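Student:
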Ligand SMILES: CCCCCCCCCCCCCCCCCC(=O)OC[C@H](COP(=O)([O-])OC[C@H](O)COP(=O)([O-])OC[C@H](COC(=O)CCCCCCCCCCCCCCCCC)OC(=O)CCCCCCCCCCCCCCCCC)OC(=O)CCCCCCCCCCCCCCCCC
């Protein structure tokens, strides 16, 4: 297939491995979920604008909506981690190991 | 697969309408009135054949009928039309609303010297019927035999033979 | 929580599962999963302690990663098929990514690393919601894409889930982690029979949901979250020890109980397809699940662990709890095996 | 559990964004409308197992409409052979592939 | 297996052709076992709330029995329908494909040679 | 590494011992790399040197198991002249189990791995003979 | 090399993704994600989606301003890692960049490449439509159809945003 | 209802104006005779090409020319 | 093309007003003038301490309300449709759902700041 899908899928995989390998800091990986949403947006939108399947043009908007509709969720779940502990480090969330 | 079959370069040579887009847009309503029939035969052939290679000859009729539209403007009303497409040609979006006095002069000179009525608001968007002698294409998608569907269910539904037959359940 | 808000949030969890179940479009599947996760996060944080916040963070990260992989599988299907219908997938890469996404959403091994954590962190009612109602939407999507599921992938996920969920519960004294590794092993049983006969997948799902809802309703009715607090039940309500006895012996796959019903039928559908080694290893590995079930029956019903003095006060107070459908679910989880050919209604 | 509520109740919740050949706003066609219409009218009702092998040709034409892989591979071959013949000097491009050609309309 | 059968008529618990089948009797032993499950649910319900198990709540035990018999009647109707569909599709597929199901010629045991394995 | 097991099994038994030993060595090395990857994943090594030490230790352990398995199996198929015979892989699996015991530096793990890996390799040979399917394709 | 403009913007997209995916600090993570979401509205704007690129630019600008406020309020350390302070950040940053320009080099020299899928190496101008859409941009018509055709999608999206507000106010309570 | 309305107009008048404008925007398009003409203008705006019909022989309502009397007209939009 | 030329010109003579702002005057660097500013006295602690956000619930709800102007924004184009009462109903449904959201955030004191 076309050349740009290589790099947009590459950016998805880069953001995937960035999300899936934590650096002990939860906000730095909540950016990686938002980057995966960006890469899925641009990939789906290139496919939809390419093929002129115009009725799915409303699809990435909807996709983008649920992007922040979980990203806000993560931030609402970031502040409860950072109120229990002074930092949002992910290694403070190990109480459920026993 | 197969060789794609394209027409030759001599098959595509026709006397083009070598005028600009403002010249076309200025004469557009009278073109839609007077050059109705070969244009609609062509667009009917174009949506029915779904292939431009089977639409060249009718298309040439379009390129035959447009030029005779303009020569009949050029023989009679060349100067009011020239002023009118110049005034249309000035604008960026090419507004009809900025050029109503040259439009009135052009429509008056055309209606006097040639007897053409300008189409009103709503007429050129009508769906019209076209009388052609070319055959209706029986397979414009170049499709093939659709596969045979699975056989339906028929017959009265009898009870299950000896129940469920699940290892020992006798019902 | 304000009970109007609790009603609206639980109806939104149900709405997300229904939107996954009824929709023919992939974007609506993804919307249903997003709505399901988004609404179930405050059910986990109903109590506002650090363990519920940790469980909700781990659950959000796992389910968000799974939904990313799901939408990437959807977009690759859009490329290689030009359409959005919820049916088989037209690319093995999208098939793998969607199978990984649904295996993460089920908590099947080796993506199982959140189910004991999240199940221990949250209450017993929200743990019941997690282990039963959240196992309905990915099993819908797995029921719908089985012409494209890789055989080796779903069988590796299935037997790896059965083995890891067997070994995990042996080292547990917390009841919620026991039910979570039990969940892992049972989802392995359900997905192993998925490509052979998905009616048996639905049968195992329904019998599992009945038995798990019975066990969580018994835990809530006794207010027990550890093994050693479940062991005081003989001194307080001795009928509950009988009910956890019959339900835990049912969950181990022992005849003549209904939890023997799915397992046997799964074996009954895997030997038809000339697979003899795999359901044999699955059956033998289910003895580990049976072993920690038998450990709980030893601590609760078959012996009498020593109680405390303050139990004498709880003799004077009956249960005012809504033990909703507990006798119905206890009868259905134990005495349903003579009605085994009822599974044909799931065809 | 495909509880087909949309066909039971007769409602159209999401059948409209399902395929490219559906009813589009202002009758806009997709670039692969004919290929997808041929593939769907081939594979309708015959089930997926017969559709994966009896409608393989229409689905190959439709997939090669979508991603244009054979077309871009053929253009790779044509452009690479053209660049090789330019590099060897054994071919010169015509004037209508350089600009000075007094284009059609 | 039979998922493509119930796709032209979706979400029908009992279709119209299910009325061409004999319904279960009200003295069906499967239905009597489901009623016994209702009675056992009533007994467990009186047991866990520490009521007298046989004497308390006869209206409640009777609605347990009535509700299980009522649900189980339609469950047995759908069960018998799906097995009748299974047999109907089996027989129609055997009839529509004779080349896949040849008529076997059962040889008698005077021509069938079996190797004798002596137990000594 | 679907092709690793294929290039192990595409060779007749008791014919070319070095290539069988190398193929089983590579199968063991891939298994040891998988175990090493999950081992440095779930249990954090204290340093990068300790991580590559655990990786090399598990990889050389499983590769030595594979090497001695393939060597013992093909040498037994040569000296016994019975290539389609599960007793060859029983002896090879016990040799691999003694290898695993010598790598874990204990006799009881060696005897237990001898018994169970010999039975496992015997069952693998019987599955190659009668065509047993563990990941069986759905037929009905 | 101007026909490769969508490819060049896509290289800058992957460079921004390696920038914030190495996770230096969410200040510079927000920087890299703004750079990627700002060249990604130049990738997709050259396909005809001028509405649908400006929105992923604008929504993510609001998003990274919010994320900035939180990483200055919650995710803050005394010495934030810029791009090069940690060896594990700089190592995987250089690794992602070298592997990205490696698959640039293998796709411009060979004009084909294969990582899991097969990809062309010609400029992606080749796949555009040779026609015109008239007096409507078709992506604007399709997003306008969210109100006429997308009624169920409106209902589930508006309900999800409503319960998103309700869910977030139920989480961020503490008691 | 009038005393509460005066109270909320005295305390929160921005919200009173908000609910008034919102209530008008809800109820008033259902009470206007011109909402029909919105739809009639929008479906008489010719974006696409009016693809002609093959004359089978029996279509009395379809014209053969745009200046023919039969067919859909837009005199209602010219007058209004 | 012209857009990238214009942005290149703007960025170029915004960065060439900086390179002649640093390199043109005479520099006198000593390690007290480049110190941070705390009204003359030395700053107590770093400014990289967590500065706690009081408006955090409003900041998260801004992420949700900013999506609404990705949904309410096609209304000038949605008004051009030929299924127009349905469009009007869905538009008023989206603004009404935004308003119900804002009312819920009001009455549960989500718009107020903490402390
Ligand atoms: C004028 C118009 C009106 C006229 C009315 C005339 C009639 C008036 C009465 C109507 C009401 C029905 C009365 C019963 C009808 C006959 C049913 C019968 O005996 O079937 C024999 C049935 C098959 O025998 P058969 O020699 O092939 O055929 C004789 C009939 O013609 C069999 O005929 P079939 O071919 O039609 O039978 C169908 C099929 C035939 O059976 C089969 O295809 C074989 C497979 C059956 C299921 C096997 C499951 C095995 C694994 C689970 C085992 C669970 C534990 C075992 C029990 C432990 C105790 C709880 O049965 C089933 O599919 C149903 C499942 C079995 C339920 C039987 C009905 C029980 C009702 C009362 C429940 C009381 C508790 C019963 C025990 C609970 C467990 C069932 O026997 C068994 O399966 C063995 C178990 C014994 C059956 C139940 C005995 C009923 C009377 C119990 C009185 C004492 C209760 C003491 C308290 C409760 C226990 C603690």
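Residue numbers (the entry's author numbering), protein chains in the order written: chain K, 1 to 98; chain Y, 1 to 171; chain N, 1 to 347; chain l, 1 to 105; chain o, 1 to 120; chain V, 1 to 140; chain J, 1 to 175; chain m, 4 to 83; chain A, 1 to 115. The beta carbon of each residue, even a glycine, is placed where N, CA and C say it ideally should be.
What ranges does the alpha helix (DSSP H) occupy inside the region 27-90 of chain N, keeping only unbroken runs of at least 4 residues that lie completely in it?
Tutor: DSSP assignment within the region 27-90 of chain N yields the following whole alpha helix (DSSP H) runs of 4 residues or more, N-terminal first: 50-81.
Student: If you measure beta-carbon to beta-carbon, which residues of the region 27-41 of chain o are closer than 9 angstroms to chain N?
Tutor: 30, 33, 34, 36, 37, 38, 40, 41
Student: Is residue 226/N helix, strand or coil when you go by DSSP?
Tutor: One-based indexing of the third chain puts residue 226/N at position 226. Reduced to three states, the DSSP call for residue 226/N is strand.
Student: Residue 56/l by DSSP, collapsed to three states: which one?
Tutor: Your numbering for residue 56/l matches position 56 in the fourth chain. If DSSP states are grouped into helix, strand and coil, residue 56/l belongs with the helices.
Student: Cα separation between residue 168/J and residue 75/l?
Tutor: For the purposes of this step, residue 168/J is taken as residue 168 along the seventh chain, with counting starting at 1. For the purposes of this step, residue 75/l is taken as residue 75 along the fourth chain, with counting starting at 1. C-alpha separation (whole angstroms): 53 angstroms.
Student: Quick check on DSSP: helix, strand or coil for residue 34/J?
Tutor: As a first step, residue 34/J is located in the seventh chain; it is residue number 34 there, counting from the start. Helix, per DSSP.
Student: Just mark residue 18/N as buried or exposed, buried being the case when its beta carbon has 16 or more other beta carbons within 10 Å.
Tutor: Taking the first residue of the third chain as 1, we reach residue 18/N at position 18. Buried, because 16 or more other Cβ atoms sit within 10 Å of the Cβ of residue 18/N.
Student: For my contact list, residue 154/N and residue 195/N are in at a C-beta cut-off of 8 angstroms; report their separation, rounded to the angstrom.
Tutor: For the purposes of this step, residue 154/N is identified with residue 154 of the third chain, where counting begins at 1. For the purposes of this step, residue 195/N is identified with residue 195 of the third chain, where counting begins at 1. Indeed, because the Cβ distance is near 6 angstroms, the residues count as touching under 8 angstroms.
Student: Would you tell me roughly how many angstroms separate the C-alpha atoms of residue 3/J and residue 129/J, rounded to the nearest one?
Tutor: As a position in the seventh chain, residue 3/J is number 3, starting the count at 1. As a position in the seventh chain, residue 129/J is number 129, starting the count at 1. Between residue 3/J and residue 129/J, the C-alpha separation is close to 15 angstroms.
Student: Mark residue 91/A as exposed unless 16 or more other C-beta atoms lie within 10 angstroms of its C-beta, in which case mark it buried.
Tutor: The count along the ninth chain starts at 1 and reaches residue 91/A at position 91. Around the Cβ of residue 91/A, a 10 Å sphere holds 16 or more other Cβ atoms; the residue is buried.
Student: As a quick exercise: from 282/N, 300/N, 322/N, pick the residue whose alpha carbon is nearest that of residue 135/V.
Tutor: Mapped onto the sixth chain, residue 135/V falls at position 135. Ranking the options by Cα distance to residue 135/V, first place goes to 282/N.
Student: Buried or exposed: where does residue 41/K fall if 16 or more other Cβ atoms within 10 Å of its Cβ makes it buried?
Tutor: Stepping through the first chain from its first residue, residue 41/K is reached at position 41. Counting of Cβ neighbours within 10 angstroms places residue 41/K among the buried residues, the total reaching 16 or more.
Student: Whose CB is closer than 5 angstroms to a heavy atom of ligand 1? List the residues in chain order.
Tutor: 169/Y, 170/Y, 171/Y, 256/N, 337/N, 338/N, 27/o, 29/o, 30/o, 32/o, 33/o, 36/o
Student: Which same chain residues end up closer than 7 angstroms to residue 58/J when comparing Cβ atoms and leaving out the 5 residues on each side of it in sequence?
Tutor: Counted from its first residue, the seventh chain places residue 58/J at position 58. Here the set comprises nothing.
Student: May I have the straight-line CA-CA distance separating residue 7/V from residue 34/V, to the nearest angstrom?
Tutor: Counting from 1 along the sixth chain, the entry for residue 7/V is found at position 7. Counting from 1 along the sixth chain, the entry for residue 34/V is found at position 34. Cα-Cα distance, rounded: 20 angstroms.
Student: Where residue 48/Y and residue 107/N are concerned, what is the direct C-alpha to C-alpha distance, given to the nearest angstrom?
Tutor: Taking the first residue of the second chain as 1, we reach residue 48/Y at position 48. Taking the first residue of the third chain as 1, we reach residue 107/N at position 107. The alpha-carbon atoms of residue 48/Y and residue 107/N are separated by roughly 55 angstroms.
Student: Report yes if the C-beta distance between residue 90/Y and residue 26/Y is below 8 angstroms; otherwise report no.
Tutor: Start at 1 with the first residue of the second chain, and residue 90/Y comes out as number 90. Start at 1 with the first residue of the second chain, and residue 26/Y comes out as number 26. No. Outside cutoff.
Student: Taking any Cβ of chain N, which residues in the region 69-103 of chain o have a Cβ under 9 angstroms from it, in chain order?
Tutor: 72, 75, 76, 78, 79, 80, 81, 82, 83, 85, 86
Student: Counting only beta-carbon atoms, is residue 105/A nearer than 8 angstroms to chain J?
Tutor: Stepping through the ninth chain from its first residue, residue 105/A is reached at position 105. For residue 105/A, the answer is yes, since a Cβ of chain J falls inside 8 angstroms of its Cβ.
Student: Between residue 8/J and residue 163/N, what straight-line distance do the alpha-carbon atoms span, to the nearest angstrom?
Tutor: Position 8 of the seventh chain, counted from the start, is the residue given in the question as residue 8/J. Position 163 of the third chain, counted from the start, is the residue given in the question as residue 163/N. If you take the alpha carbons of residue 8/J and residue 163/N, they lie about 49 angstroms apart.
Student: Give me, in chain order, the residues of the same chain whose beta-carbon lies closer than 6 angstroms to that of residue 113/A; leave out the 5 immediate sequence neighbours on both sides.
Tutor: Numbered from its first residue, the ninth chain carries residue 113/A at position 113. 54, 55.
Student: Does residue 5/A have its Cβ less than 8 angstroms from a Cβ in chain J?
Tutor: On the ninth chain, residue 5/A is found 5 positions in, with the first residue counted as 1. So no, residue 5/A is outside the interface.
Student: Is it true that the CB of residue 10/J sits closer than 8 angstroms to the CB of residue 7/K?
Tutor: On the first chain, residue 7/K is found 7 positions in, with the first residue counted as 1. On the seventh chain, residue 10/J is found 10 positions in, with the first residue counted as 1. In contact: residue 7/K and residue 10/J (Cβ atoms closer than 8 angstroms).
Student: Taking residue 41/m as the query, report the chain Y residues whose CB atoms sit under 9 angstroms from its CB, ordered along the chain.
Tutor: Along the eighth chain, read from residue 1 onward, the residue named residue 41/m stands at position 38. Those do not exist, as residue 41/m stays about 17 angstroms from chain Y at its closest Cβ, beyond 9 angstroms.
Student: For residue 39/m, I'd like the list of residues in its chain whose CB is within less than 6 angstroms of its CB, leaving aside the five on either flank, ordered along the chain.
Tutor: Taking the eighth chain and counting its residues from 1, one reaches residue 39/m at position 36. Cβ neighbours of residue 39/m beyond the five flanking positions: none.
Student: Among 1/l, 45/l, 2/l, 34/l, which residue has its Cα nearest to the Cα of residue 139/Y?
Tutor: The residue you call residue 139/Y lines up with position 139 of the second chain. For residue 139/Y, the nearest C-alpha among the options comes from 34/l.
Student: Does the Cβ of residue 115/A have 16 or more other Cβ atoms within 10 Å, making it buried, or fewer, making it exposed?
Tutor: Locating residue 115/A in the ninth chain gives position 115, where the first residue counts as 1. By the 10 Å Cβ count, residue 115/A comes out exposed.
Student: Suppose the cutoff is 7 angstroms on Cβ atoms and the five residues either side in sequence are ignored; what does the same chain contact list for residue 199/N look like?
Tutor: Here residue 199/N is taken as the residue at index 199 of the third chain, counted from 1. The beta carbon of residue 199/N is closer than 7 angstroms to those of 343, 346, 347 in its chain, skipping five residues each way along the sequence.
Student: Counting pairs of Cβ atoms below 8 angstroms between the region 17-37 of chain V and the region 82-91 of chain V, do you hit three or more?
Tutor: no
Student: Verify the CB distance criterion: does residue 11/o have a CB-CB separation below 8 angstroms to chain l?
Tutor: Reading the fifth chain from its first residue, position 11 is the one you call residue 11/o. It does: the Cβ of residue 11/o has a partner Cβ on chain l nearer than 8 angstroms.
Student: Apart from the five residues just before and just after residue 17/Y, which ones in its own chain have a Cβ nearer than 8 angstroms to its Cβ?
Tutor: As a working note, residue 17/Y is residue 17 in the second chain. 24, 63, 66, 67, 70, listed in sequence order.
Student: Ends of the beta strand (DSSP E) at residue 120/J?
Tutor: Residue numbering aside, residue 120/J sits at position 120 when the seventh chain is read from its first letter. Start and end: 117-120.
Student: With C-beta atoms as the reference, is residue 64/A less than 8 angstroms away from residue 165/J?
Tutor: Counting from one through the ninth chain, the residue named residue 64/A turns up at place 64. Counting from one through the seventh chain, the residue named residue 165/J turns up at place 165. Yes, Cβ-Cβ distance for residue 64/A and residue 165/J is below 8 angstroms.
Student: With a threshold of 8 angstroms between beta carbons, is residue 38/N in contact with chain J?
Tutor: Position 38 of the third chain holds residue 38/N. Yes - at least one Cβ of chain J is within 8 angstroms of the one on residue 38/N.
Student: Is residue 67/l helix, strand or coil when you go by DSSP?
Tutor: For this step, residue 67/l is matched to residue 67 along the fourth chain. Here residue 67/l sits in coil by DSSP.
Student: Between the alpha carbons of residue 103/V and residue 39/V, how many angstroms are there, rounded?
Tutor: Counting from 1 along the sixth chain, the entry for residue 103/V is found at position 103. Counting from 1 along the sixth chain, the entry for residue 39/V is found at position 39. For residue 103/V and residue 39/V, the distance between alpha carbons rounds to 17 angstroms.
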